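A.B. asks: Please find one structure pasted underneath; my questions will follow.
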Amino acid sequence: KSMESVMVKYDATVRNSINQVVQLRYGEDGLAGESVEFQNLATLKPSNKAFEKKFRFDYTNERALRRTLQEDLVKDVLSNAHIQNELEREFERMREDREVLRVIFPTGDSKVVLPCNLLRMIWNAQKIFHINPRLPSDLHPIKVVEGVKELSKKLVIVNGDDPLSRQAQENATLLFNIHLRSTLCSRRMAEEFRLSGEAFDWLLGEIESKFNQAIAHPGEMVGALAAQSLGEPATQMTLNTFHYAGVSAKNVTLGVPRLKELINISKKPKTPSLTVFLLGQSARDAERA
Amino acid sequence: XXXXXXXXXXXXXXXXXXXXXXXXXXXXXXXXXXXXXXXXXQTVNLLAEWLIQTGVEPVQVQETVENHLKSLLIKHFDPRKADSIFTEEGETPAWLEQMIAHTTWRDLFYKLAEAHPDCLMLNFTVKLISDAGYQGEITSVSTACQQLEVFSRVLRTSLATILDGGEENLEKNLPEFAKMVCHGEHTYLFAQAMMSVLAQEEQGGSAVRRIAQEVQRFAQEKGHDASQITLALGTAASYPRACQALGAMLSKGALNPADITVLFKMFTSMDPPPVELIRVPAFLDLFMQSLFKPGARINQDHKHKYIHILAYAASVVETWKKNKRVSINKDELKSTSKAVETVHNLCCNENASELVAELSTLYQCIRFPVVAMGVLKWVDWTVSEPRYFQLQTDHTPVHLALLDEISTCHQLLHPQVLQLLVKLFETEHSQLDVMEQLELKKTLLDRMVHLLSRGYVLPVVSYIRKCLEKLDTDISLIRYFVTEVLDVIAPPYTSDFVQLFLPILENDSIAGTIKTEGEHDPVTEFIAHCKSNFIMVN
Amino acid sequence: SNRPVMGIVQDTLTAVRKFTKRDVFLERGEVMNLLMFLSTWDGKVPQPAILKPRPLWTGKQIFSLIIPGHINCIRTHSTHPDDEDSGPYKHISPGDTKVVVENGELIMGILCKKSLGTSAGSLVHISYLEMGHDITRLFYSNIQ
Amino acid sequence: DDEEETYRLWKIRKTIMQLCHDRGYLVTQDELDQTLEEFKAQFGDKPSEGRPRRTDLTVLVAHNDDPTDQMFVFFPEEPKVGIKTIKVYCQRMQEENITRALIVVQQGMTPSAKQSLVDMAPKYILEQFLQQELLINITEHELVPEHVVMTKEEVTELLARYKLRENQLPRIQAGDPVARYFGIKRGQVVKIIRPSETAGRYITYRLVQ
Amino acid sequence: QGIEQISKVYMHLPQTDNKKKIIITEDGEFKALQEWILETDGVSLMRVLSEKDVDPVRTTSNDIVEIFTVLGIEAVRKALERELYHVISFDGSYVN
Amino acid sequence: XXXXXXXXXXXXXXXXXXXXXXXXXXXXXXXXXXXXXXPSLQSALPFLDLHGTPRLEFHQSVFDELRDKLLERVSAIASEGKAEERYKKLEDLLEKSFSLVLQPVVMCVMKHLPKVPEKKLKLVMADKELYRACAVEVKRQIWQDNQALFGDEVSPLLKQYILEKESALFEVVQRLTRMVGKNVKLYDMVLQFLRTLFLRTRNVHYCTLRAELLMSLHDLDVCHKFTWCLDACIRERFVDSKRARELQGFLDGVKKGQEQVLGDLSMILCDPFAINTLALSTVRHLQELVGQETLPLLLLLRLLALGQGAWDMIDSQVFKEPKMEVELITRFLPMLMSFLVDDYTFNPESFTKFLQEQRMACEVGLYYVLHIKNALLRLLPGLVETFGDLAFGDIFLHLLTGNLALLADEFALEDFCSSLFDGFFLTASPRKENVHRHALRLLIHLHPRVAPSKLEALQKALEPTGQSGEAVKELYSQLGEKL
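Chains as they are written, first to last, in my numbering: chain L, 2 to 290; chain R, 57 to 594; chain V, 507 to 650; chain Z, 82 to 290; chain Y, 31 to 126; chain H, 59 to 541.
The following block contains the structure:
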């Protein structure tokens, strides 16, 4: 009854009954909660040298290019330096995305929900197009780079051309374009995936389709959906199921009463607490602590 | 008659032979005659040192960077298609001069790259590293040791390095020595044969035997069945069937009771084997595994045979007067047998109030070295069980008091004792209270102080410095260690202890050491003595 | 929680776990009895996993006849040893505890609740997303 | 204590420098983060009736563009400020031509003087801050995302792009401590950049009510 | 000693990496430093945050109204999010 | 090419290696040598490279062209401009200009090259410098183009002004690239020469971009600083009045200025941004004084300052313009008449006609009050008499401002009267005025009873509009109308 009117309007924004915007896009990205999966950001949590080893697409080596690509594509990469400049620029963008992710995720975990399961789609493209990945591949890495850029142009949460809408489109598919660069880069498609050209065109069409299906539908009763999505695990939760700690145990009272203290804003909670993080040497000394 | 040169005069050799006998269409000849389209940059690269004279660093690092770029070019443009051909063709003025001047890492990286071709270049560079005075010092490669004249001398200099090192260098140099001599098992055979011939002498051959035993232990770790090589080097093969039994049993790595009855029928007679067949340490380690694990029950019938075999291993003496014995004795292996029997009974009964009760008898037992080594392995296998620390008496110091007894009555076990204590100290104990974990660490540091008291100090203080500097533990634990060490020690002070104990005290928590001592002064006394020892502090 | 809610309930789940084990073999008559109940069967009896001495089908072949379209998933059985993917045999599982469905055909592994249940990334969730939703209705009915 | 007082005065000085810099003023770079020992050298290491007393460190800053307006910050001697104390500051301000100012009270203001601060708001604006508010720059806290005040042209661009009114934006209190930090008045949209674990970045907007 | 409105404060080393200090080493690899955290039983921010040797950045709270007095409304939106995810995902369940 | 010390020897060897035999060993030995690298690597280069190119070592020298250049920064940033390191850099730069025909010498001059006694002479000896004039712009490009190169680069300012004229009919980084190498004396000389040339030739658009360039001196680059501190309030606030009153008080108490007050009035004078700002501030102050009902005194001083601003460039060595304290009430009486007609119609044309036929700042003020239906419909004959009275240039920009205000109003009869005013004055109108008329008529045709007559009048203004731009814009408006 607090949120029985919070819905998605036809400009993809989330407004209540009195047209006050609650969120500018639903769930801060515009994506409905059915068509998303747990995925792994590969750019987050290697070292620097493992990142450069796994993502850079070192072009100067002859024999690696001979094994991964066909010889016309090998001499196309080795002859032209404009293509070498564009491959260096996409590795520049992946270092930038790595720094952006490490600001976003200070805890080193990468299990993040995103709509298109890109590794499963690459593996579906492999099984449909009969790859035999022992053989050298036949997709040009500049086709990979340009297809990924055109695809990131085609995935639209926010319409318009004025730079406020451009920044909204950038922020709505920031994390998904980071994952899309990280999974569909030149080096992994040359070395560990080895798709073909028609497989890659099918892949871009599939990613664009399955992203456009995951957009939140205008008209969706988001408020009642979220209130039920929170109140249905409320019955399964229990204050007394957890065993307990015989040592101090700080009376955490998680379960139904803590959910109550969050739902009605209680000025007298049953157990208020802090989490006082120590600054310097006192964090690593029991005596200063 | 060309007169078309900018800086191709330095390439005046192959130009000249293409100049006099040009003929036909010399378009390519003229184009290569003027393919040096830049200026005199071979001299202007020498002017880069003159510009570095105005720079920040007019030093030998500029020529070092130029030679490093030349080495990177010679490895990048390495002629791998005609490597053995260019090796086998000239080889007389080029490789000799390069190994005269630039033998630092060039041919070493070249023999690290492929190492199958270029046998003329590999042979010339190997012979030139043989011409190098100190060795084999350039060829430090685990796969370029496949030449006998190389590998023998590299083995020689590494043995000289370890044998001049000592027990401290026994931990640092031995994997860097053992990755060579366990790479090929034929190299292992060569090395162990040299160990045998050097350990024929009683005038310092014990360290050679020790190095052989650690190489054999590393071979057992990495995956050799090197016990058959070890028995084939030994004199034990002179008495065949006992050595064959040991061969099968150390190839299985486990104790068979029937196999020890086969051994025991040959022992305790009027013709024993020479006692160096049973003194092999992997065999005694398998004894400790099969006998003093807290589980692993032994079926009460050939048990006394086991105890008699260990007693005969760790008890008897002999007099090899020109490869024959004339006076052995067996008069202390009854006490050894009684001690190891009492200890195996105490490890079999598994009843901890009884462990506290018969602790005086257990203190009587650990006067013996094989008993103390066995109790050390049993307390290792007992205390390092996860979720052990749930019996709590003074945060369970009972087994740690047995650690103090083992450290007290002996000295050679101290590396294993320290290894056990720093294995428990690094081990994070889940499901314990954090204050309780901290007091467990205080108890382990009390044990490390007790090791420091009985002479074995420098690896302990080295570990405390290592865990203050690298990958840091709690600072309060190091403060407690400093507090307990400085409440017991007094001058005079050996310079190594001062040199090792100074930076942990003066850097990173000066203030916490003194709170309420008063009657005997704190760290201030050690600082004053440290100023009085050294030369200011330096 | 972007996962399915249906899953496969208790008795079908134990019977499908016992069904898809490695040592389950089916006689020709028992196969023809089972394939009578597939709604999505195109009328082609598969080639047996054991032709000689006796024509003898493995239960994973019938389960590959269940699995619709061409879907690709890798899951782990509930008693998969965590030290199996470290050493050898990480692709040839000695306990048959590594579920690989591949090109719509069950290659290997035993299907516990972590394969067919309501956990996310399971076989039924990928059957919902890659294939349709009528096809997943058929998949549930055919399994049962 | 006397070392505790010079520490507290240095932290209030540091937080006021960061507050003026985040508000968009001329803050000198070494002044924006000086050492405690530099403060003790410049002011005198004895707040207990000595050289770094109050009213010595009244910080005058100008704006980064349009350098006319200034909010020369006040530090009263007394704990409990009143009207006959703030009228001296009003005299110092009407001696000048500048209308913004910040006072840093030690204990709470008398509520008659709280009403008095509102009683000259169209003439000249006075904000007040307790000592406990200024011992921590709350914009450095990890729970506090990036608040940025928006210009009126950007507000018109916002409302014209999303075709909504100022009544419809999600709003923020005027006594919000981050709003008090930036010193925003009523009706002044604040864009807020925060990292989201489902899109990367999310820019929300808070009109002030 | 100490502040008012507070009873006995319990200190501990954390085990889950939500409280462990996750740093980024110079080779870019994450690392979980296990440093001492405190955990009180009353509540007073803007006074614990004022104390010396206390990290004024990561020091969160359990009560929401007290954050709304101290750290504003959007920090309360983040704190209510983190506390609500805590009370939901304590028993291993997931909510989007 | 160029000939250095080693280069002259190379040329001599190329001459004496053309004939006379001299076998390849002796020739290669007398030719040259590389004293840095070892002979072992030079002999293994045939065994390893198969006659490679040693230019990667020169590539390392190119790395030295950064790295020791950073060491030159390590000479510059440590000792605070070390004189001995600067002399060594000058000697190396002389050797590199003699040896290389000059990218490493280019970076060594771009690092730091002040106080070089033969630096500018050495640069004028290599006075082609086409691409070098944009790469040597760190220190060497300053003071060398002040004779004629600054006059050559001055034309892009007029090109950007034409670009802004064409964009309004529908820079920031470049002035920063000029100000990268920019000092006080060169900036003062360029400012004085450009101000004299602009106040001679046009004095129209150059003052706005000159104030914009002075506003681009925010990066701590050092009267003129007081002019920047004054114009900060002009740039920042669009309707600034009280700060503008403080600025009028600050610029009213001037001393005997030897062209500095005239320069300040020039910079204030001719900017459409600054003129629109002063007009809007004066009209807001007039509306505030009408709300007080206290007409004359602060709006009078602001209008007098604006009039002194607008009359600066007519002569040199002048103070200001007169006030006319009797004329101000007669100029602002039509404001009171419009307010009286609005008060009557929300609850006189002859006075506005007689006050609109006797006529600078007050004209633009009355044109900027035109934004703020019976009162406007009565004053519109006064607007017809005003448009028949003066007929100046920028009055079409005021008509565009009134058309923007009317497009904010959204009224039919006001739009028809504005189209009648735009149609009846095609006699002496520029291309910009007819282009703005056609752009406003593209917003015309809300009503279909006169829009076909205006569609015929588009062709009726094509033949009489002999300017090709006006007819081309009418054809483009007809093309955009059919879409």
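Idealized CB from N, CA, C, for every residue including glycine.
1) Look at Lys-272/Z and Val-229/Z and say whether their C-beta atoms are less than 7 Å apart.
2) Could one say the Cβ of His-42/Y lies closer than 7 Å to chain R's Cβ atoms, at least one of them?
3) Quick one: is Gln-259/R buried, meaning 16 or more other Cβ sit within 10 Å of its Cβ, or exposed?
4) Hey, how far is the Cα of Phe-590/R from the Cα of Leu-556/R?
5) Beta-carbon within less than 6 Å of residue 12/R's beta-carbon, same chain only, minus the 5 sequence neighbours each way: which residues are those?
6) Closer than 7 Å, CB to CB, is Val-593/R near chain Y or not?
7) Measuring only between beta-carbons, confirm whether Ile-284/Z sits less than 7 Å from chain Y.
8) Out of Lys-51/Y, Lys-38/Y and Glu-34/Y, which one is the CA nearest neighbour of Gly-109/L?
9) Taking any Cβ of chain L, which residues in the stretch 227-251 of chain Z have a Cβ under 7 Å from it, in chain order?
10) Cutting at 6 Å between CB atoms, please list the residues of its own chain near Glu-581/R, excluding the five before and the five after it.
11) In the DSSP assignment, what residue or residues form a beta bridge with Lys-604/V?
12) Can you tell me the Cα-Cα spacing of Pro-231/R and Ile-36/Y, whole angstroms?
13) With 8 Å as the C-beta to C-beta threshold (strictly closer), list the residues of the stretch 225-250 of chain H near chain Z in chain order.
14) How is the alpha helix (DSSP H) around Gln-170/L delimited, first residue to last?
15) According to the Cβ coordinates, are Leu-185/L and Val-149/L closer than 7 Å?
16) Taking beta-carbon pairs under 7 Å, can you tell me which members of the stretch 548-582 of chain V lie near chain L?
17) Which first and last residues belong to the alpha helix (DSSP H) in which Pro-231/R is found?
18) Quick check: the stretch 159-169 of chain H against the stretch 126-133 of chain H, are at least 3 beta-carbon pairs closer than 8 Å?
19) Could you tell me the alpha carbon to alpha carbon distance between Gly-261/R and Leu-389/R, rounded to whole angstroms?
20) Should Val-516/R be listed as close to the ligand HEM, given that the test is whether its C-beta is under 6 Å from any heavy atom?
21) Pull out every residue of the stretch 119-133 of chain L whose Cβ sits closer than 8 Å to any Cβ of chain V, in chain order.
22) In the DSSP assignment, what residue or residues form a beta bridge with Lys-61/Y?
23) Is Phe-243/L helix, strand or coil when you go by DSSP?
24) Count the other CB atoms within 10 Å of the CB of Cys-523/R; is the residue buried (16 or more) or exposed (fewer)?
25) How many Å lie between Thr-569/R and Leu-533/R at the Cα?
26) So, with DSSP's three-state summary, where would you put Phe-278/L?
27) Would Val-505/R and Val-541/R qualify as a contact pair, given that the criterion is a beta-carbon distance under 7 Å?
28) So the candidates are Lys-313/H, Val-280/H, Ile-333/H and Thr-259/H; which of them puts its Cα closest to the Cα of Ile-292/H?
29) Identify the contact partners of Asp-277/H in chain R, using a Cβ-Cβ distance below 9 Å as the criterion.
30) Let me check understanding here. Comparing Cα to Cα, which of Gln-187/Z, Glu-221/Z, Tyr-286/Z and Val-162/Z lies closest to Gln-249/Z?
31) Output the distance between the C-alpha atoms of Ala-247/R and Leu-125/R, rounded to the nearest integer angstrom.
32) What is the residue span of the alpha helix (DSSP H) that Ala-182/Z lies within?
33) Does DSSP put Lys-313/H in a helix, in a strand, or in coil?
34) Quick check on DSSP: helix, strand or coil for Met-371/H?
35) I'd like the list of long-range same chain contacts for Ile-265/Z, defined as Cβ closer than 7 Å, with 5 residues on each side in sequence excluded.
C.D. replies: Here's the rundown:
1) In this structure, the beta-carbon distance from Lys-272/Z to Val-229/Z falls below 7 Å.
2) Closer than 7 Å: yes.
3) Result: exposed.
4) So the alpha carbons of these two residues sit roughly 13 Å apart.
5) Coverage of chain R is limited to positions 57 through 594, which leaves residue 12/R absent and any answer about it impossible.
6) By this cut-off, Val-593/R is not an interface position.
7) With 7 Å as the cut-off, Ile-284/Z does not count as an interface residue toward chain Y.
8) Ranked by Cα distance from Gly-109/L, the options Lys-51/Y, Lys-38/Y and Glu-34/Y are led by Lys-51/Y.
9) Those would be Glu-238, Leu-239, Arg-242, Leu-245, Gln-249, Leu-250 and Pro-251, in chain order.
10) Nothing meets the Cβ criterion.
11) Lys-604/V is bridged to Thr-582/V.
12) Cα to Cα, the separation comes out at about 57 Å.
13) Answer set for the stretch 225-250 of chain H: empty.
14) First-last of the alpha helix (DSSP H) with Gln-170/L: 164-173.
15) Yes. Within cutoff.
16) Going along the stretch 548-582 of chain V in chain order, one finds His-576 and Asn-578 with a Cβ nearer than 7 Å to chain L.
17) First-last of the alpha helix (DSSP H) with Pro-231/R: 230-237.
18) Contact check between the stretch 126-133 of chain H and the stretch 159-169 of chain H: three or more CB pairs, one atom from each, fall below 8 Å, which counts as touching.
19) So the two alpha carbons sit approximately 27 Å from each other.
20) This structure lacks the ligand HEM, and indeed carries no ligand of any kind.
21) So the list reads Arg-121, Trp-124, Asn-125, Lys-128 and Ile-129, given in the order they occur along the chain.
22) Its beta-bridge partners are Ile-53/Y.
23) Three-state DSSP puts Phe-243/L in coil, outside helix and strand.
24) Label assigned to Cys-523/R: buried.
25) Cα to Cα, the separation comes out at about 11 Å.
26) Note: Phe-278/L maps to strand in three-state DSSP.
27) Judged by beta-carbon spacing, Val-541/R lies within the 7 Å limit of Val-505/R, meaning their Cβ atoms are closer than that value.
28) The shortest C-alpha to C-alpha distance from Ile-292/H to any of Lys-313/H, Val-280/H, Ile-333/H and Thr-259/H is the one to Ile-333/H.
29) Residues of chain R with a Cβ closer than 9 Å to the Cβ of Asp-277/H do not exist; the shortest Cβ-Cβ separation is about 29 Å.
30) When each option's Cα is compared against that of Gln-249/Z, the closest is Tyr-286/Z.
31) Separation of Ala-247/R and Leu-125/R (C-alpha to C-alpha, rounded to the nearest whole angstrom) is 39 Å.
32) Where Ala-182/Z is concerned, there is no enclosing alpha helix (DSSP H), although the beta strand (DSSP E) it sits in stretches over 182-186.
33) DSSP places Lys-313/H in coil when its eight states are reduced to three.
34) Coil.
35) For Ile-265/Z, where only same-chain residues beyond five positions count, the Cβ hits under 7 Å are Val-230, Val-271 and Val-289.
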